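Visitor: One structure is given below, represented as structure tokens, and several questions about it will come after.
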Amino acid sequence: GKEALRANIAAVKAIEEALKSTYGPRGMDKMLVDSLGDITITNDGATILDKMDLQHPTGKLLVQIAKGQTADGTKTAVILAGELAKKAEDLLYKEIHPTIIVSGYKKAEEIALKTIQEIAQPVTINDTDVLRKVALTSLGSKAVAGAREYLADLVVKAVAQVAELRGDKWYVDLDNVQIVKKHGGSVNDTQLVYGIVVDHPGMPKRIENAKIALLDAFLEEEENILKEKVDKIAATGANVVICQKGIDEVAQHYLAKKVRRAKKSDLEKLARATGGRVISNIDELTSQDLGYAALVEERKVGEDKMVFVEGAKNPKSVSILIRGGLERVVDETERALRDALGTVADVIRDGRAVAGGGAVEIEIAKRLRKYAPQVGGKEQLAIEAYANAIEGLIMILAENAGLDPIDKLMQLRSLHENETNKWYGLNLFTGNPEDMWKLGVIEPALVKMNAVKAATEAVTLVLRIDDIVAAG
Amino acid sequence: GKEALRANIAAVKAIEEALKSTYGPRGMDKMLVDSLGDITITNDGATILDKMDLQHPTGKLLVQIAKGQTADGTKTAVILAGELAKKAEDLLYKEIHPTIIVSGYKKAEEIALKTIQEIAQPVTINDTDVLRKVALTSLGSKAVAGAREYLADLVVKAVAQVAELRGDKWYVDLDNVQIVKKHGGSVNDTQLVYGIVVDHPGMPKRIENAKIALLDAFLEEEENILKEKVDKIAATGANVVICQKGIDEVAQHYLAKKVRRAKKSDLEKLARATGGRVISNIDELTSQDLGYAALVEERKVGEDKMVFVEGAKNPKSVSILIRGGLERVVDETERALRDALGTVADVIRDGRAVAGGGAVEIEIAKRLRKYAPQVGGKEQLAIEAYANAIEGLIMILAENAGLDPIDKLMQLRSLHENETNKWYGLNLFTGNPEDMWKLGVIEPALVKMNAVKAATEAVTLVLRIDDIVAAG
Amino acid sequence: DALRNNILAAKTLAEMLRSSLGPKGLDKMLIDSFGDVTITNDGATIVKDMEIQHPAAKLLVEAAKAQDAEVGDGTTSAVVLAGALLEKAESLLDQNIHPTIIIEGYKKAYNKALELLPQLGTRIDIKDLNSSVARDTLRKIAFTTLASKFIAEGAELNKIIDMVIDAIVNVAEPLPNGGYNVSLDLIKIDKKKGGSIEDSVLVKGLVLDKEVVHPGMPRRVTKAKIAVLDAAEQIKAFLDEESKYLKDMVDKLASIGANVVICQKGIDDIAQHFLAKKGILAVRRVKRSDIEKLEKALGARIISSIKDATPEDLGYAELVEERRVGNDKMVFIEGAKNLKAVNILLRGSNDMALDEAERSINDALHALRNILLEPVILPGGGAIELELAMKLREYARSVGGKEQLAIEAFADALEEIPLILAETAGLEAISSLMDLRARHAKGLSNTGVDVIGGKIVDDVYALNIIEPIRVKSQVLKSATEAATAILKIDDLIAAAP
Amino acid sequence: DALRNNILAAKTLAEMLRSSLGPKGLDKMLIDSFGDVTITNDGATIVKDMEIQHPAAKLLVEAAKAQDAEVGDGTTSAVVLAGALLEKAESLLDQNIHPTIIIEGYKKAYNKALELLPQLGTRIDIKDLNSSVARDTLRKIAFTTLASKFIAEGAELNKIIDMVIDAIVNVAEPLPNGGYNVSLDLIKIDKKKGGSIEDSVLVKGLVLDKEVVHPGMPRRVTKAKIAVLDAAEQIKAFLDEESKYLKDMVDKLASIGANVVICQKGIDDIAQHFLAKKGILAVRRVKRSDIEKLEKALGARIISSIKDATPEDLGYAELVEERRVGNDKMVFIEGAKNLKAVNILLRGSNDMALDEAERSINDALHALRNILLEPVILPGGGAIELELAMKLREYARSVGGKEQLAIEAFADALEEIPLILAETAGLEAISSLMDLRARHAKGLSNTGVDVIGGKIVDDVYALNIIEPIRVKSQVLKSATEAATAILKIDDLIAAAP
Ligand SMILES: Nc1ncnc2c1ncn2[C@@H]1O[C@H](COP(=O)(O)OP(=O)(O)O)[C@@H](O)[C@H]1O
Ligand SMILES: Nc1ncnc2c1ncn2[C@@H]1O[C@H](COP(=O)(O)OP(=O)(O)O)[C@@H](O)[C@H]1O
């Protein structure tokens, strides 16, 4: 059923083309258009793939795959899978059975992962320059309005807190990072807080050693019931009370005499940080479900009130306030910062880093070409094709910078004949090849490995499927 | 270039379809239509292929091949080639390279010829019943108006004369047989003459020990020249004078005081029989170029004058007068008689005969199936296909008789498991399988061999050609 | 014409599952119309969940579903075959051979093949595991099923096979055919998270608990077990006897004559010491779902109150042992009362390897069950099909009429399995078949196709490629029935509900 | 775009001759527009006689015609290659690589290959036929050319080869390259009807006559030959001396000092007896066309009249002998004056076998000439192409820029010859090539493809598959020139005659 396969390959190629030009540290932006008419301008690939109007099953699948295990790297996986698909197509026209191409690609994947594992430069949490570089790596091309060397600082400072070593590996519980945003000034007004932050005259403000009530949950009778509900909570010794559902202002008065938030993604991290737990029904509420916060308080953002939970019990607590002008700015800042956090977190947790600019890529290709003749006939071609498909990334990376792809590919290929140039990659601003390690173009080995892995998996899935059937 | 090959195969299949239903001793007739509007109704395949409106190069080629070395057998060759082409097509769809199919078919051809050589029953000129049977074989289905056992007599009597043994093999110089025709009565009025026959008060009639002048070739001046020309001939001692060009009646008067024929095909055999030779220019005429005819004469056909050259020197001289009603009758008689003469001549000259009814065919198939597994993989299939293509002839032969092909094929196949039924074939009138030898269904082995050979050659030629090109 | 349409329908359906055959069977993606998807190369799943269009195809689906119902292994093999039969039939229709003739031919061919299956079958030795003959067979078939689906290391696999063997020892047997009926209800697979696969272990039940008190008896030869629910107006008040109470409870338990006490609610140190003095094996608290399972086998009863207890509630087991399992001590119970199923402790280092091991054991068990039910093996890799084809041509020769062509056309269909099965391995669909024919007609019937290795094998038994007869015959049957039923239908008629 | 059209034109042309390559080269049917046809797998014939359509294709035809002009053997091989180069170029155009770059790359690759041809060439020994080294080589190459085109029995063939060898002994030599220049003008092939092929024989001239009189001398060691035109108002009348005349004529002939007399008009018994007395070798009458040929070599002159004759008209030959040739006595003349060509008496039992033998000898001679002109052989069957491809990739590595891809694309084209050449033998166009690469990169450069046998050979020299260097280099040259010239053309422009 070639007719069903070609459509899959076309879908993959379509998504590649969708995310292609976004790639690199000079990646152009895409303009997403909602059917409403509203729009979203962005560089980040994950966001695109999220808001993107997915058509094909294989497409939605591919997206589902590229996002699996770390926000970034998706870009790489997608484009790589696209290249592999195209080269697979080229191989298919030569009447080569898919089960051969798959096997070849698998071998190539193994050799690739060996290659990355071999090249990788071990790093530690102490090598902060590396962390900074890795942070700054993804931050390039984000169109963030400056403060890259400051946002990177915030990242490096952020990951440092959320880290504790039980044994050999620090348990960087990334999920403890709260992220909010507001307008005004610029991203220089961005700032960290140790505790979680959340965007009537009410209850008191500065609570020291605060117990925090975390709760997701004829008229006269209802009043009695509601007051009963409030008193129940009051009888547990709760300093500050948090909710998600709408609270009757009468209960606000009551409690004031004793916020409703909006999102549970905050209440989550609040429960994480404070040490308390959420309750579905206040009838079950106790005094141990209350979270401990050593110095809770509230502060004014230039245009708005904002809640601060400082002095949270848990050591691994952290939040960041984002600031800027337009929505696109603060959003791109958010997503970029997420990417940074991801990359750095993976660097820390894994403890290995490599050079960008496509050094690892041309190295992997270089290796594959050597290993290719050592196996059978038809597989060798698949492996070679795999290598080429990898080089495609360098080429596209060159394209997105306004450079001639082939020339730079050949240059790097020529340079990587020396053992001592295994870090050399493409300086896109300069235009010439350079040692990407000194320029702080560093990325987590785990990201590269995962990208390769997921792309391979995706393409093999594309090739393994012979036909598409409607079921029930 | 499959696109060019399929067209060839289609052409061959077209010609097969053209000659298909004419096959067998119950073969239907085809009606040929000239663009003038005139028509020709006939069973004989050669005649069809002659008068047929040939379209394709491969077609004209195939016809050119089937007619090469014996008028009949062409039928067999054509249809066989068609079957082989169809089965080749069936093999081609299985992605088998032509050079394999060709080789297979060649092997099959070799085994087939071995088979015919093995089965063949040696015969001699003395076994006249065989000669009669072989004569009668082709004569069946000719729609000749009776006298089959008499025309066969004439054939047997005819070939007997034209035969002399220098060594091991009698030199049956078939080209010494003159054939003419006239209307009136029926084919019972057909009759042989030892000498050649050709259709003013003039020169004398009964010339004993006749010398025959064979010659293919202001007004007063022309008269002088012509008279000079006549006198030149007169001065050589020529009893009877023959010409081809138009003779001035003045020269007829002259010579009368001392015919213009129409065809040189007669003058040829006249030159053959009389022992004399033709002269292009009478200026070169001598007395030795005159042919010796012991008792030349003329006789009246019921409606016309006719010339008889009886007592011709050469022992191997013979002619036949054909008689009947309509043109189709006398024509079919002529062609049929030619076929008979051919077959019998080949039987005599070769000295081997086999049974018709498709006995030899199912034998050959039977052999091929046994020999097939003894060679390689892809060739085996070609050989098997060859066998099937041969069986196709039996099937078509069954079709043309209004019988179920497959059943009779299976019957014969079942019967030919016994060594003692190697002659069994299909009795078309009876409808059941029978020993074809006792029923006088006998044919020359050489004919079968040649048919196989030419068909194989044709199909291989069809398969060897990849594309057709216009040259200069 | 309508017949030809039906034929095309069934054929076109079969064309899809042509690629999903054997080890290298390509995937098929099923779109659950609810807005969900599931992909697989499994015949059953595909044929089941897929919403088929044409009636004839639906009938083929029906045949396949029956084929699956009778036995699990072969389902696609039937459909591909049916398709092949119809495809070979439509060539005979062009020979102007009435369907009924083809049908009878196919019936005869089927009967002969069915007769020939055992003739070409290699019977095995099932006379005990003392001999290890069965093990070698079980090892071959194990690897037959396991090889296609495992990417795990062989050493890890060998242990799993060892377990399955150890399982089969215990499982029941029917006498009539000298075979074994593996009741899969007699096998448990407890998926324990944490630990390597080699740490996995088999035993007739175990609670996965450590000895409550080291002084406590960690091994009991002749055991006696008790199940305890409660941990050790008209007013009722407890008499002021705190420790004496506990001691008396333990003495009562000792008085009943028990050597093991598996408390539902857990045991306190004092009770532990008393039990340790009496030399009783104490066990920590266990789940209700666990204890409920235990009592019925153990022939015991969950005691609500020891004061009212009685030896009627006393269970028993042949042996109990605190055994080390990957540096994790666990209480093992052996051969107690109604042994029922053999319990596997499956130590998976990850949920993937866990479910993978479980899956492997399951498949292996099912296959081994299928071969054990009918103790005759057939040379897989398409060898037996080719053999049958040869024999069926030989048999076709001795039949006449149009049926000689119908049987021969049955043979030509069988040979599509070797053809397709090799093609999946990327081998040339043609040369492979003729090479096979050559090797086969001039050699052993065991010549076949190794799809994994992607090569033609002179003897597939040596490569541990084995197929049960129970499956094959059924596949043949349902396939024949299907192709028949398709060929037998003349045309369609508009009806009223 | 126009460039791409040209490329497609040349490419589409090359596609046709793709199949006509090598031994199993499929046929092409040429329709002579006059209402006639001629079919062949020959590049030269096809390319020549065919009326080509597109200009680019016409240019490719031009290149091919040049390729044929320089040397006869390889013509199609050039066209297929050119097509391959363009096809590999159009893939680089899609890489957005300007044509001129590709052109330079191809030029460099061509130069390097041209340099590598001799490096990978196996030079031979041509130092005399005394040694038989040359014979073994000549035998191998003989069989190389002969094997593809002969269906005749080997024993018959061996004699033909023996003849060709015996011919080559006599033929001239150029010194500079230590090679031999076989002037085909120094070979006659007289097609005698009647007799077996083994009866065929070689000699420096022979008249195919029997000894007129058995008493007459049938063998003369030191010979002297004469050519006689006439058989032995102002009024002139012959003197009444009948026999005395004849005797005196013969005595005059004997007086001149001749030992052989080949009369144009034939000799009478009296003259025969006189000649027999004098011990002169008499020969019957011969054709004018024959005698005219004889006299110029023999340095003699056709004597109109013996009375006026003179030793100036006396010829000479080293040896003359009445030899038996298939039970047919014939007068052989050896080593006379200007030996010029060696004369073959070709005894064909049939016109077919006759023309076949002639054809065989011709082809063998041409090929042997081509290899002898440049005494270095190359491993045929596509081996040398693969070797070059390996070396050219290795060489391409040490070049940078877009040209590294242009050279690599030159290599990928060469490998189309092994691919196509094997494909003609029905082998898989892909697996064969990778198998070759494997055998080649890891083994001898002589690994190639035996098309006749239809199999990949580890060493093609052992299978007597040999290719001259003189042909190969020229093919490479003209192919490169062609593909270049096509790639170099930007677009088309309307012009005025
Ligand atoms: N400063 C830089 N110089 C050269 N290459 C870079 C640089 N920064 C990133 N890259 C390259 O960009 C690729 C990742 O790009 P992309 O995924 O689009 O952005 P992000 O890294 O933010 O996810 C990597 O392959 C890496 O080699
Ligand atoms: N009396 C007969 N009974 C059975 N078959 C016959 C008979 N006569 C001829 N045939 C068959 O007819 C075929 C030749 O038919 P065809 O070429 O059409 O006529 P002809 O023999 O006149 O050329 C042979 O294969 C032969 O087996």
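Each chain in the structure tokens gets a letter, A, B and so on, in the order shown; residues start at 1 in every chain, and ligands are counted from 1 in the order they appear.
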Up to 6 Å from chain C, what residues of chain B turn up? Count only C-alpha atoms and give them as number ranges by chain.
Guide: B: 377, 407, 410
Visitor: If you keep N, CA, C and O atoms, can you produce a file of those selected residues as a PDB file, in the first residue's frame?
Guide:
```
ATOM      1  N   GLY B 377      15.168 -22.105 -11.778  1.00  0.00           N
ATOM      2  CA  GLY B 377      13.884 -21.639 -11.301  1.00  0.00           C
ATOM      3  C   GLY B 377      13.081 -20.912 -12.358  1.00  0.00           C
ATOM      4  O   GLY B 377      12.057 -21.413 -12.811  1.00  0.00           O
ATOM      5  N   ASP B 407     -12.130 -30.060 -21.138  1.00  0.00           N
ATOM      6  CA  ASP B 407     -12.477 -31.458 -20.912  1.00  0.00           C
ATOM      7  C   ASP B 407     -11.667 -32.385 -21.795  1.00  0.00           C
ATOM      8  O   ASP B 407     -11.089 -33.364 -21.323  1.00  0.00           O
ATOM      9  N   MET B 410      -8.015 -32.424 -20.824  1.00  0.00           N
ATOM     10  CA  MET B 410      -7.814 -33.261 -19.646  1.00  0.00           C
ATOM     11  C   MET B 410      -7.905 -34.730 -20.019  1.00  0.00           C
ATOM     12  O   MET B 410      -7.106 -35.543 -19.561  1.00  0.00           O
TER      13      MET B 410
END
```
Visitor: Could you list, as a PDB file with N, CA and C atoms, in the first residue's frame, all residues that come within 8 Å of ligand 1? Count only C-alpha atoms and all ligand atoms.
Guide:
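Below is the file result09.pdb, written as the result:
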```pdb
ATOM      1  N   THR A  22      11.756  27.927  11.284  1.00  0.00           N
ATOM      2  CA  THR A  22      11.845  28.361  12.671  1.00  0.00           C
ATOM      3  C   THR A  22      13.147  27.918  13.320  1.00  0.00           C
ATOM      4  N   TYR A  23      13.826  26.969  12.684  1.00  0.00           N
ATOM      5  CA  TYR A  23      15.013  26.331  13.252  1.00  0.00           C
ATOM      6  C   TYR A  23      16.202  27.270  13.350  1.00  0.00           C
ATOM      7  N   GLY A  24      17.058  27.019  14.331  1.00  0.00           N
ATOM      8  CA  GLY A  24      18.308  27.739  14.457  1.00  0.00           C
ATOM      9  C   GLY A  24      18.217  28.962  15.343  1.00  0.00           C
ATOM     10  N   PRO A  25      19.368  29.601  15.598  1.00  0.00           N
ATOM     11  CA  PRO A  25      19.489  30.832  16.379  1.00  0.00           C
ATOM     12  C   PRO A  25      19.285  32.076  15.513  1.00  0.00           C
ATOM     13  N   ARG A  26      18.660  31.890  14.357  1.00  0.00           N
ATOM     14  CA  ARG A  26      18.215  32.999  13.521  1.00  0.00           C
ATOM     15  C   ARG A  26      16.872  32.632  12.908  1.00  0.00           C
ATOM     16  N   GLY A  27      16.184  31.712  13.573  1.00  0.00           N
ATOM     17  CA  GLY A  27      14.938  31.173  13.078  1.00  0.00           C
ATOM     18  C   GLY A  27      13.867  32.228  12.962  1.00  0.00           C
ATOM     19  N   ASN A  43       8.201  31.920  17.443  1.00  0.00           N
ATOM     20  CA  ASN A  43       9.321  31.148  16.928  1.00  0.00           C
ATOM     21  C   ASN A  43       9.299  29.731  17.472  1.00  0.00           C
ATOM     22  N   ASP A  44       8.963  29.602  18.753  1.00  0.00           N
ATOM     23  CA  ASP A  44       8.954  28.309  19.432  1.00  0.00           C
ATOM     24  C   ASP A  44       8.141  27.277  18.664  1.00  0.00           C
ATOM     25  N   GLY A  45       8.719  26.100  18.458  1.00  0.00           N
ATOM     26  CA  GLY A  45       8.107  25.093  17.615  1.00  0.00           C
ATOM     27  C   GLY A  45       6.987  24.351  18.306  1.00  0.00           C
ATOM     28  N   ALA A  71      10.986  21.426  26.568  1.00  0.00           N
ATOM     29  CA  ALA A  71      10.106  22.007  25.557  1.00  0.00           C
ATOM     30  C   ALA A  71      10.760  22.017  24.182  1.00  0.00           C
ATOM     31  N   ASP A  72      11.985  22.524  24.115  1.00  0.00           N
ATOM     32  CA  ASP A  72      12.723  22.560  22.858  1.00  0.00           C
ATOM     33  C   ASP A  72      13.321  21.196  22.554  1.00  0.00           C
ATOM     34  N   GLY A  73      13.866  21.054  21.350  1.00  0.00           N
ATOM     35  CA  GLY A  73      14.327  19.771  20.857  1.00  0.00           C
ATOM     36  C   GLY A  73      13.275  19.192  19.935  1.00  0.00           C
ATOM     37  N   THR A  74      12.021  19.550  20.194  1.00  0.00           N
ATOM     38  CA  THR A  74      10.913  19.194  19.321  1.00  0.00           C
ATOM     39  C   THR A  74      11.215  19.632  17.898  1.00  0.00           C
ATOM     40  N   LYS A  75      11.635  20.885  17.761  1.00  0.00           N
ATOM     41  CA  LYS A  75      12.071  21.442  16.486  1.00  0.00           C
ATOM     42  C   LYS A  75      12.963  20.445  15.743  1.00  0.00           C
ATOM     43  N   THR A  76      14.038  20.052  16.422  1.00  0.00           N
ATOM     44  CA  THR A  76      15.057  19.185  15.852  1.00  0.00           C
ATOM     45  C   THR A  76      14.452  17.861  15.451  1.00  0.00           C
ATOM     46  N   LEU A 136      21.670  30.621  27.225  1.00  0.00           N
ATOM     47  CA  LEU A 136      21.735  31.607  26.160  1.00  0.00           C
ATOM     48  C   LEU A 136      21.556  30.974  24.788  1.00  0.00           C
ATOM     49  N   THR A 137      21.940  29.710  24.659  1.00  0.00           N
ATOM     50  CA  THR A 137      21.829  29.011  23.385  1.00  0.00           C
ATOM     51  C   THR A 137      20.415  29.072  22.820  1.00  0.00           C
ATOM     52  N   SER A 138      19.460  28.531  23.566  1.00  0.00           N
ATOM     53  CA  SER A 138      18.074  28.517  23.130  1.00  0.00           C
ATOM     54  C   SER A 138      17.466  29.915  23.100  1.00  0.00           C
ATOM     55  N   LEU A 139      17.974  30.801  23.948  1.00  0.00           N
ATOM     56  CA  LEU A 139      17.434  32.152  24.044  1.00  0.00           C
ATOM     57  C   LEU A 139      17.685  32.964  22.780  1.00  0.00           C
ATOM     58  N   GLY A 140      18.773  32.669  22.079  1.00  0.00           N
ATOM     59  CA  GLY A 140      19.045  33.334  20.821  1.00  0.00           C
ATOM     60  C   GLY A 140      17.913  33.082  19.843  1.00  0.00           C
ATOM     61  N   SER A 141      17.553  34.114  19.079  1.00  0.00           N
ATOM     62  CA  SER A 141      16.522  34.035  18.034  1.00  0.00           C
ATOM     63  C   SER A 141      15.101  34.108  18.578  1.00  0.00           C
ATOM     64  N   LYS A 142      14.974  34.255  19.892  1.00  0.00           N
ATOM     65  CA  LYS A 142      13.663  34.304  20.525  1.00  0.00           C
ATOM     66  C   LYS A 142      12.974  35.646  20.322  1.00  0.00           C
ATOM     67  N   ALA A 336      10.404  31.036  25.837  1.00  0.00           N
ATOM     68  CA  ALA A 336      11.858  31.000  25.798  1.00  0.00           C
ATOM     69  C   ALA A 336      12.419  30.569  27.143  1.00  0.00           C
ATOM     70  N   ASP A 339      11.950  26.960  27.679  1.00  0.00           N
ATOM     71  CA  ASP A 339      12.985  26.254  26.925  1.00  0.00           C
ATOM     72  C   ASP A 339      14.310  26.242  27.680  1.00  0.00           C
ATOM     73  N   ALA A 340      14.735  27.421  28.122  1.00  0.00           N
ATOM     74  CA  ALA A 340      15.973  27.554  28.880  1.00  0.00           C
ATOM     75  C   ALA A 340      15.976  26.646  30.100  1.00  0.00           C
ATOM     76  N   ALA A 355      28.459  20.661  21.583  1.00  0.00           N
ATOM     77  CA  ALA A 355      28.466  21.922  20.860  1.00  0.00           C
ATOM     78  C   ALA A 355      27.379  21.940  19.810  1.00  0.00           C
ATOM     79  N   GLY A 356      26.709  23.077  19.685  1.00  0.00           N
ATOM     80  CA  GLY A 356      25.706  23.252  18.656  1.00  0.00           C
ATOM     81  C   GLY A 356      26.364  23.555  17.324  1.00  0.00           C
ATOM     82  N   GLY A 357      25.664  24.295  16.473  1.00  0.00           N
ATOM     83  CA  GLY A 357      26.182  24.646  15.164  1.00  0.00           C
ATOM     84  C   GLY A 357      26.244  23.462  14.218  1.00  0.00           C
ATOM     85  N   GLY A 358      25.752  22.312  14.666  1.00  0.00           N
ATOM     86  CA  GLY A 358      25.732  21.125  13.836  1.00  0.00           C
ATOM     87  C   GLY A 358      27.024  20.334  13.882  1.00  0.00           C
ATOM     88  N   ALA A 359      27.828  20.557  14.913  1.00  0.00           N
ATOM     89  CA  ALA A 359      29.067  19.813  15.068  1.00  0.00           C
ATOM     90  C   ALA A 359      28.756  18.340  15.298  1.00  0.00           C
ATOM     91  N   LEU A 393      20.021  18.921   8.500  1.00  0.00           N
ATOM     92  CA  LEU A 393      19.801  19.870   9.587  1.00  0.00           C
ATOM     93  C   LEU A 393      20.802  21.020   9.534  1.00  0.00           C
ATOM     94  N   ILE A 394      22.069  20.691   9.323  1.00  0.00           N
ATOM     95  CA  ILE A 394      23.095  21.708   9.165  1.00  0.00           C
ATOM     96  C   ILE A 394      22.760  22.583   7.976  1.00  0.00           C
ATOM     97  N   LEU A 397      19.884  24.801   8.770  1.00  0.00           N
ATOM     98  CA  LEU A 397      20.413  25.767   9.716  1.00  0.00           C
ATOM     99  C   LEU A 397      21.176  26.856   8.974  1.00  0.00           C
ATOM    100  N   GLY A 425      31.546  24.209  14.436  1.00  0.00           N
ATOM    101  CA  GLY A 425      30.226  24.334  13.859  1.00  0.00           C
ATOM    102  C   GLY A 425      30.122  25.625  13.079  1.00  0.00           C
ATOM    103  N   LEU A 426      28.895  26.031  12.788  1.00  0.00           N
ATOM    104  CA  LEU A 426      28.646  27.148  11.896  1.00  0.00           C
ATOM    105  C   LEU A 426      28.271  28.408  12.663  1.00  0.00           C
ATOM    106  N   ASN A 427      29.119  29.427  12.590  1.00  0.00           N
ATOM    107  CA  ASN A 427      28.788  30.739  13.132  1.00  0.00           C
ATOM    108  C   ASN A 427      27.915  31.490  12.140  1.00  0.00           C
ATOM    109  N   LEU A 428      26.635  31.625  12.464  1.00  0.00           N
ATOM    110  CA  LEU A 428      25.653  32.120  11.509  1.00  0.00           C
ATOM    111  C   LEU A 428      25.749  33.621  11.300  1.00  0.00           C
ATOM    112  N   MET A 436      32.497  25.928  18.114  1.00  0.00           N
ATOM    113  CA  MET A 436      31.259  26.360  18.734  1.00  0.00           C
ATOM    114  C   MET A 436      31.303  26.305  20.254  1.00  0.00           C
ATOM    115  N   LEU A 439      32.430  29.776  21.764  1.00  0.00           N
ATOM    116  CA  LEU A 439      31.414  30.799  21.543  1.00  0.00           C
ATOM    117  C   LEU A 439      30.179  30.578  22.405  1.00  0.00           C
ATOM    118  N   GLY A 440      30.237  29.585  23.284  1.00  0.00           N
ATOM    119  CA  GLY A 440      29.141  29.328  24.196  1.00  0.00           C
ATOM    120  C   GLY A 440      27.915  28.757  23.516  1.00  0.00           C
ATOM    121  N   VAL A 441      28.118  28.123  22.367  1.00  0.00           N
ATOM    122  CA  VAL A 441      27.046  27.410  21.691  1.00  0.00           C
ATOM    123  C   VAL A 441      27.047  25.974  22.189  1.00  0.00           C
ATOM    124  N   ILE A 442      26.477  25.777  23.372  1.00  0.00           N
ATOM    125  CA  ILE A 442      26.474  24.480  24.027  1.00  0.00           C
ATOM    126  C   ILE A 442      25.046  24.024  24.295  1.00  0.00           C
ATOM    127  N   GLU A 443      24.809  22.724  24.149  1.00  0.00           N
ATOM    128  CA  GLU A 443      23.485  22.146  24.353  1.00  0.00           C
ATOM    129  C   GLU A 443      23.580  20.816  25.089  1.00  0.00           C
TER     130      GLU A 443
END
```
Visitor: At what distance in Å, to one decimal, does atom CA of residue 290 of chain B lie from atom CA of residue 271 of chain B?
Guide: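 So the two atoms, atom CA of residue 271 of chain B and atom CA of residue 290 of chain B, lie 9.1 Å apart.
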Visitor: Using the chain letters and numbers from this document, which residues of segment 321-464 of chain C does DSSP assign to alpha helix (DSSP H), as a ChimeraX atom specification?
Guide: /C:351-373,383-397,403-414,416-423,431-441
Visitor: I need the residue nearest chain D from this list: C:152, C:116, C:469, C:427. Use only C-alpha atoms for the distance.
Guide: C:427
Visitor: Could you tell me how far atom CA of residue 32 of chain D lies from atom CA of residue 69 of chain B, in Å and to one decimal?
Guide: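 Here the two named atoms are 24.7 Å from each other.
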Visitor: Hey, what's within 7 Å of residue 412 of chain B if we count only C-alpha atoms and toss same-chain stuff fewer than 3 positions away? As a VMD selection string, please?
Guide: chain B and resid 408 to 409 415 to 416 425 433
Visitor: May I ask which of the residues C:214, C:323, C:253, C:48 is the closest one to residue 67 of chain C, counting only C-alpha atoms?
Guide: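 Selected residue with least distance to residue 67 of chain C: C:48.
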Visitor: Need the shell around residue 451 of chain B: protein/DNA/RNA residues with any atom at most 12 Å away, counting only C-alpha atoms. Skip same-chain ones fewer than 6 positions apart. Format as a PyMOL selection string?
Guide: chain B and resi 65-81+109+112-113+116+361+390+393+444-445+457-458
Visitor: Fewer than 2 positions away in the same chain doesn't count, so skip those; otherwise give me all residues within 8 Å of residue 458 of chain C, counting only C-alpha atoms, as a list in words.
Guide: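 What passes the distance filter is residues 439, 444, 446, 447, 448, 456 and 460 of chain C.
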Visitor: Restricted to C-alpha atoms, what would the selected residues look like written as a short mmCIF file (atom, residue, chain, number, x, y, z; two decimals), in the first residue's frame?
Guide:
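Generated output (selection_7.cif):
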```
data_model
loop_
_atom_site.label_atom_id
_atom_site.label_comp_id
_atom_site.auth_asym_id
_atom_site.auth_seq_id
_atom_site.Cartn_x
_atom_site.Cartn_y
_atom_site.Cartn_z
CA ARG C 439 15.21 -27.37 -2.61
CA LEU C 444 13.56 -32.33 2.72
CA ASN C 446 11.46 -28.93 6.07
CA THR C 447 12.85 -26.43 3.58
CA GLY C 448 11.32 -23.05 4.37
CA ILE C 456 15.70 -19.47 2.84
CA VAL C 460 13.37 -24.86 9.42
#
```
